[PDB]
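Undergrad: This is work_9.pdb, which holds PDB, N, CA, C and O atoms and all ligand atoms:
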ATOM      1  N   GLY J   1     116.684 134.757  31.892  1.00  0.00           N
ATOM      2  CA  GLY J   1     115.811 134.170  32.893  1.00  0.00           C
ATOM      3  C   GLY J   1     116.097 134.689  34.288  1.00  0.00           C
ATOM      4  O   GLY J   1     116.993 135.511  34.480  1.00  0.00           O
ATOM      5  N   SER J   2     115.333 134.209  35.264  1.00  0.00           N
ATOM      6  CA  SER J   2     115.506 134.635  36.648  1.00  0.00           C
ATOM      7  C   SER J   2     115.003 133.563  37.613  1.00  0.00           C
ATOM      8  O   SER J   2     113.802 133.313  37.707  1.00  0.00           O
ATOM      9  N   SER J   3     115.932 132.936  38.325  1.00  0.00           N
ATOM     10  CA  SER J   3     115.586 131.889  39.279  1.00  0.00           C
ATOM     11  C   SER J   3     116.521 131.920  40.484  1.00  0.00           C
ATOM     12  O   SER J   3     117.728 131.721  40.353  1.00  0.00           O
ATOM     13  N   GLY J   4     115.953 132.173  41.659  1.00  0.00           N
ATOM     14  CA  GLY J   4     116.749 132.226  42.871  1.00  0.00           C
ATOM     15  C   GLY J   4     116.254 131.264  43.934  1.00  0.00           C
ATOM     16  O   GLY J   4     115.129 131.389  44.417  1.00  0.00           O
ATOM     17  N   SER J   5     117.096 130.302  44.297  1.00  0.00           N
ATOM     18  CA  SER J   5     116.736 129.312  45.305  1.00  0.00           C
ATOM     19  C   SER J   5     117.911 129.036  46.239  1.00  0.00           C
ATOM     20  O   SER J   5     119.055 129.363  45.927  1.00  0.00           O
ATOM     21  N   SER J   6     117.616 128.432  47.386  1.00  0.00           N
ATOM     22  CA  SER J   6     118.645 128.114  48.369  1.00  0.00           C
ATOM     23  C   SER J   6     119.843 127.443  47.703  1.00  0.00           C
ATOM     24  O   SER J   6     120.945 127.431  48.250  1.00  0.00           O
ATOM     25  N   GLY J   7     119.617 126.884  46.518  1.00  0.00           N
ATOM     26  CA  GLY J   7     120.686 126.219  45.795  1.00  0.00           C
ATOM     27  C   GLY J   7     120.343 124.785  45.444  1.00  0.00           C
ATOM     28  O   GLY J   7     119.199 124.478  45.104  1.00  0.00           O
ATOM     29  N   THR J   8     121.334 123.903  45.524  1.00  0.00           N
ATOM     30  CA  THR J   8     121.132 122.495  45.209  1.00  0.00           C
ATOM     31  C   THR J   8     120.582 121.736  46.410  1.00  0.00           C
ATOM     32  O   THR J   8     120.777 122.142  47.555  1.00  0.00           O
ATOM     33  N   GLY J   9     119.893 120.631  46.142  1.00  0.00           N
ATOM     34  CA  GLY J   9     119.326 119.832  47.212  1.00  0.00           C
ATOM     35  C   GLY J   9     117.841 119.588  47.029  1.00  0.00           C
ATOM     36  O   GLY J   9     117.102 120.490  46.637  1.00  0.00           O
ATOM     37  N   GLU J  10     117.404 118.364  47.313  1.00  0.00           N
ATOM     38  CA  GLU J  10     115.998 118.005  47.174  1.00  0.00           C
ATOM     39  C   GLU J  10     115.342 117.840  48.541  1.00  0.00           C
ATOM     40  O   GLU J  10     116.000 117.953  49.576  1.00  0.00           O
ATOM     41  N   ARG J  11     114.040 117.573  48.537  1.00  0.00           N
ATOM     42  CA  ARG J  11     113.293 117.395  49.776  1.00  0.00           C
ATOM     43  C   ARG J  11     112.612 116.030  49.810  1.00  0.00           C
ATOM     44  O   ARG J  11     112.296 115.441  48.776  1.00  0.00           O
ATOM     45  N   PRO J  12     112.383 115.512  51.026  1.00  0.00           N
ATOM     46  CA  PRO J  12     111.738 114.211  51.224  1.00  0.00           C
ATOM     47  C   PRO J  12     110.261 114.232  50.845  1.00  0.00           C
ATOM     48  O   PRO J  12     109.790 113.376  50.095  1.00  0.00           O
ATOM     49  N   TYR J  13     109.535 115.214  51.366  1.00  0.00           N
ATOM     50  CA  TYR J  13     108.111 115.345  51.085  1.00  0.00           C
ATOM     51  C   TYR J  13     107.874 116.253  49.883  1.00  0.00           C
ATOM     52  O   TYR J  13     108.526 117.289  49.735  1.00  0.00           O
ATOM     53  N   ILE J  14     106.939 115.858  49.026  1.00  0.00           N
ATOM     54  CA  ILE J  14     106.615 116.637  47.837  1.00  0.00           C
ATOM     55  C   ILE J  14     105.129 116.547  47.508  1.00  0.00           C
ATOM     56  O   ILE J  14     104.612 115.471  47.203  1.00  0.00           O
ATOM     57  N   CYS J  15     104.444 117.684  47.573  1.00  0.00           N
ATOM     58  CA  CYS J  15     103.017 117.735  47.281  1.00  0.00           C
ATOM     59  C   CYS J  15     102.699 116.998  45.983  1.00  0.00           C
ATOM     60  O   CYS J  15     103.038 117.460  44.894  1.00  0.00           O
ATOM     61  N   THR J  16     102.046 115.847  46.107  1.00  0.00           N
ATOM     62  CA  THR J  16     101.683 115.045  44.946  1.00  0.00           C
ATOM     63  C   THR J  16     100.369 115.519  44.339  1.00  0.00           C
ATOM     64  O   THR J  16      99.567 114.715  43.862  1.00  0.00           O
ATOM     65  N   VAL J  17     100.154 116.830  44.357  1.00  0.00           N
ATOM     66  CA  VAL J  17      98.936 117.413  43.805  1.00  0.00           C
ATOM     67  C   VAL J  17      99.259 118.511  42.798  1.00  0.00           C
ATOM     68  O   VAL J  17      98.738 118.518  41.682  1.00  0.00           O
ATOM     69  N   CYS J  18     100.123 119.438  43.199  1.00  0.00           N
ATOM     70  CA  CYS J  18     100.518 120.542  42.331  1.00  0.00           C
ATOM     71  C   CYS J  18     101.957 120.371  41.854  1.00  0.00           C
ATOM     72  O   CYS J  18     102.274 120.641  40.697  1.00  0.00           O
ATOM     73  N   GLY J  19     102.825 119.922  42.756  1.00  0.00           N
ATOM     74  CA  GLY J  19     104.219 119.723  42.409  1.00  0.00           C
ATOM     75  C   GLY J  19     105.153 120.568  43.251  1.00  0.00           C
ATOM     76  O   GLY J  19     106.197 121.016  42.776  1.00  0.00           O
ATOM     77  N   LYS J  20     104.776 120.792  44.506  1.00  0.00           N
ATOM     78  CA  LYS J  20     105.587 121.591  45.417  1.00  0.00           C
ATOM     79  C   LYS J  20     106.340 120.700  46.401  1.00  0.00           C
ATOM     80  O   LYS J  20     105.884 119.606  46.735  1.00  0.00           O
ATOM     81  N   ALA J  21     107.492 121.175  46.860  1.00  0.00           N
ATOM     82  CA  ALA J  21     108.306 120.422  47.806  1.00  0.00           C
ATOM     83  C   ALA J  21     108.239 121.039  49.199  1.00  0.00           C
ATOM     84  O   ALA J  21     107.963 122.229  49.349  1.00  0.00           O
ATOM     85  N   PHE J  22     108.492 120.221  50.216  1.00  0.00           N
ATOM     86  CA  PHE J  22     108.460 120.687  51.598  1.00  0.00           C
ATOM     87  C   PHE J  22     109.484 119.941  52.447  1.00  0.00           C
ATOM     88  O   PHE J  22     109.607 118.719  52.361  1.00  0.00           O
ATOM     89  N   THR J  23     110.217 120.685  53.270  1.00  0.00           N
ATOM     90  CA  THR J  23     111.231 120.096  54.135  1.00  0.00           C
ATOM     91  C   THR J  23     110.593 119.310  55.274  1.00  0.00           C
ATOM     92  O   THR J  23     110.900 118.135  55.479  1.00  0.00           O
ATOM     93  N   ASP J  24     109.704 119.965  56.013  1.00  0.00           N
ATOM     94  CA  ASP J  24     109.020 119.326  57.132  1.00  0.00           C
ATOM     95  C   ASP J  24     107.644 118.820  56.711  1.00  0.00           C
ATOM     96  O   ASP J  24     106.911 119.506  55.998  1.00  0.00           O
ATOM     97  N   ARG J  25     107.300 117.616  57.155  1.00  0.00           N
ATOM     98  CA  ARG J  25     106.013 117.018  56.823  1.00  0.00           C
ATOM     99  C   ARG J  25     104.867 117.956  57.188  1.00  0.00           C
ATOM    100  O   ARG J  25     104.001 118.246  56.362  1.00  0.00           O
ATOM    101  N   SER J  26     104.867 118.428  58.432  1.00  0.00           N
ATOM    102  CA  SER J  26     103.825 119.330  58.906  1.00  0.00           C
ATOM    103  C   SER J  26     103.563 120.440  57.893  1.00  0.00           C
ATOM    104  O   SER J  26     102.422 120.682  57.502  1.00  0.00           O
ATOM    105  N   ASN J  27     104.630 121.112  57.472  1.00  0.00           N
ATOM    106  CA  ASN J  27     104.517 122.197  56.504  1.00  0.00           C
ATOM    107  C   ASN J  27     103.692 121.764  55.296  1.00  0.00           C
ATOM    108  O   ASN J  27     102.793 122.482  54.855  1.00  0.00           O
ATOM    109  N   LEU J  28     104.002 120.586  54.765  1.00  0.00           N
ATOM    110  CA  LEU J  28     103.289 120.057  53.609  1.00  0.00           C
ATOM    111  C   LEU J  28     101.793 119.959  53.888  1.00  0.00           C
ATOM    112  O   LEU J  28     100.974 120.467  53.122  1.00  0.00           O
ATOM    113  N   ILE J  29     101.444 119.306  54.991  1.00  0.00           N
ATOM    114  CA  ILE J  29     100.046 119.144  55.374  1.00  0.00           C
ATOM    115  C   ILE J  29      99.324 120.487  55.391  1.00  0.00           C
ATOM    116  O   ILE J  29      98.175 120.593  54.961  1.00  0.00           O
ATOM    117  N   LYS J  30     100.005 121.513  55.889  1.00  0.00           N
ATOM    118  CA  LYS J  30      99.430 122.852  55.960  1.00  0.00           C
ATOM    119  C   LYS J  30      99.167 123.406  54.564  1.00  0.00           C
ATOM    120  O   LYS J  30      98.225 124.170  54.356  1.00  0.00           O
ATOM    121  N   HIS J  31     100.004 123.014  53.609  1.00  0.00           N
ATOM    122  CA  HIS J  31      99.859 123.469  52.231  1.00  0.00           C
ATOM    123  C   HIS J  31      98.615 122.867  51.587  1.00  0.00           C
ATOM    124  O   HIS J  31      97.878 123.552  50.878  1.00  0.00           O
ATOM    125  N   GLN J  32      98.387 121.582  51.839  1.00  0.00           N
ATOM    126  CA  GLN J  32      97.232 120.887  51.282  1.00  0.00           C
ATOM    127  C   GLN J  32      95.949 121.668  51.544  1.00  0.00           C
ATOM    128  O   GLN J  32      94.955 121.508  50.836  1.00  0.00           O
ATOM    129  N   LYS J  33      95.977 122.515  52.568  1.00  0.00           N
ATOM    130  CA  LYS J  33      94.816 123.323  52.925  1.00  0.00           C
ATOM    131  C   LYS J  33      94.300 124.098  51.717  1.00  0.00           C
ATOM    132  O   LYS J  33      93.167 124.580  51.714  1.00  0.00           O
ATOM    133  N   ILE J  34      95.139 124.214  50.693  1.00  0.00           N
ATOM    134  CA  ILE J  34      94.765 124.928  49.478  1.00  0.00           C
ATOM    135  C   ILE J  34      94.025 124.015  48.507  1.00  0.00           C
ATOM    136  O   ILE J  34      93.150 124.460  47.764  1.00  0.00           O
ATOM    137  N   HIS J  35      94.380 122.735  48.521  1.00  0.00           N
ATOM    138  CA  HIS J  35      93.747 121.755  47.644  1.00  0.00           C
ATOM    139  C   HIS J  35      92.458 121.224  48.264  1.00  0.00           C
ATOM    140  O   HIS J  35      91.533 120.828  47.554  1.00  0.00           O
ATOM    141  N   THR J  36      92.406 121.216  49.592  1.00  0.00           N
ATOM    142  CA  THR J  36      91.232 120.731  50.307  1.00  0.00           C
ATOM    143  C   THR J  36      90.229 121.854  50.544  1.00  0.00           C
ATOM    144  O   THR J  36      89.024 121.619  50.613  1.00  0.00           O
ATOM    145  N   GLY J  37      90.736 123.077  50.668  1.00  0.00           N
ATOM    146  CA  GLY J  37      89.870 124.220  50.896  1.00  0.00           C
ATOM    147  C   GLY J  37      90.162 125.367  49.949  1.00  0.00           C
ATOM    148  O   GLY J  37      91.065 126.166  50.194  1.00  0.00           O
ATOM    149  N   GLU J  38      89.397 125.446  48.865  1.00  0.00           N
ATOM    150  CA  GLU J  38      89.581 126.502  47.877  1.00  0.00           C
ATOM    151  C   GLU J  38      88.339 127.383  47.786  1.00  0.00           C
ATOM    152  O   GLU J  38      88.437 128.607  47.689  1.00  0.00           O
ATOM    153  N   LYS J  39      87.170 126.754  47.816  1.00  0.00           N
ATOM    154  CA  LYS J  39      85.907 127.478  47.738  1.00  0.00           C
ATOM    155  C   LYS J  39      84.978 127.078  48.879  1.00  0.00           C
ATOM    156  O   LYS J  39      84.968 125.932  49.331  1.00  0.00           O
ATOM    157  N   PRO J  40      84.179 128.042  49.359  1.00  0.00           N
ATOM    158  CA  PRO J  40      83.230 127.814  50.452  1.00  0.00           C
ATOM    159  C   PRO J  40      82.067 126.920  50.034  1.00  0.00           C
ATOM    160  O   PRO J  40      81.943 126.554  48.865  1.00  0.00           O
ATOM    161  N   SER J  41      81.216 126.575  50.995  1.00  0.00           N
ATOM    162  CA  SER J  41      80.064 125.723  50.726  1.00  0.00           C
ATOM    163  C   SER J  41      79.036 126.453  49.868  1.00  0.00           C
ATOM    164  O   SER J  41      78.110 127.078  50.384  1.00  0.00           O
ATOM    165  N   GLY J  42      79.207 126.371  48.552  1.00  0.00           N
ATOM    166  CA  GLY J  42      78.287 127.029  47.643  1.00  0.00           C
ATOM    167  C   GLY J  42      77.906 126.150  46.468  1.00  0.00           C
ATOM    168  O   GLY J  42      78.052 124.928  46.506  1.00  0.00           O
ATOM    169  N   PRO J  43      77.403 126.776  45.393  1.00  0.00           N
ATOM    170  CA  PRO J  43      76.988 126.062  44.182  1.00  0.00           C
ATOM    171  C   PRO J  43      78.173 125.487  43.413  1.00  0.00           C
ATOM    172  O   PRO J  43      77.998 124.733  42.457  1.00  0.00           O
ATOM    173  N   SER J  44      79.379 125.849  43.839  1.00  0.00           N
ATOM    174  CA  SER J  44      80.594 125.370  43.188  1.00  0.00           C
ATOM    175  C   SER J  44      80.647 123.846  43.188  1.00  0.00           C
ATOM    176  O   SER J  44      80.222 123.199  44.146  1.00  0.00           O
ATOM    177  N   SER J  45      81.173 123.278  42.108  1.00  0.00           N
ATOM    178  CA  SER J  45      81.280 121.829  41.982  1.00  0.00           C
ATOM    179  C   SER J  45      82.741 121.395  41.918  1.00  0.00           C
ATOM    180  O   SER J  45      83.115 120.556  41.100  1.00  0.00           O
ATOM    181  N   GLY J  46      83.562 121.974  42.788  1.00  0.00           N
ATOM    182  CA  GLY J  46      84.973 121.634  42.815  1.00  0.00           C
ATOM    183  C   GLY J  46      85.728 122.202  41.629  1.00  0.00           C
ATOM    184  O   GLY J  46      85.962 121.474  40.666  1.00  0.00           O
TER     185      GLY J  46
HETATM  186 ZN    ZN G 101     100.165 121.541  46.525  1.00  0.00          ZN
END
In structure tokens, what does this structure look like?
Ligand SMILES: [Zn+2]

TA:
Amino acid sequence: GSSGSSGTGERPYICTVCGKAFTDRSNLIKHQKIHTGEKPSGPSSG
């Protein structure tokens, strides 16, 4: 296998949509931009 991370330790904020973690709240909010904005105003139905 192959997994490289800062090491041990968890985060306070965690995207309750995909399953991602974030140290700073702001950072998290910026990430949601992917769940709130994925496709433009078109025939798409989410
Ligand atoms: Zn997410």

Undergrad: Give the residue list for ligand ZN 101 (chain G) at 7 Å, counting all atoms listed in the file, as number ranges by chain, sorted by chain and then by residue number.

TA: J: 15-20, 28, 31-32, 34-35

Undergrad: In Å, rounded to a single decimal, give me how far atom CA of residue J:33 is from atom CA of residue J:9.

TA: 25.4 Å

Undergrad: Distance atom CA of residue J:26-atom CA of residue J:5, one decimal place?

TA: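 The value is 21.2 Å.
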
Undergrad: For the file shown, report as a count of residues only the outcome of the PyMOL selection byres (((chain J and resi 13) around 7) and not hetatm) at residue level.

TA: 12

Undergrad: Name the residues of stretch 3-41 of chain J that come out as strand (DSSP E) in a backbone DSSP run; write them as a PyMOL selection string.

TA: chain J and resi 13-14+21-22

Undergrad: Quick check for you: according to DSSP on this backbone, which residues of chain J are classed as alpha helix (DSSP H)? Reply as number ranges by chain.

TA: J: 25-36
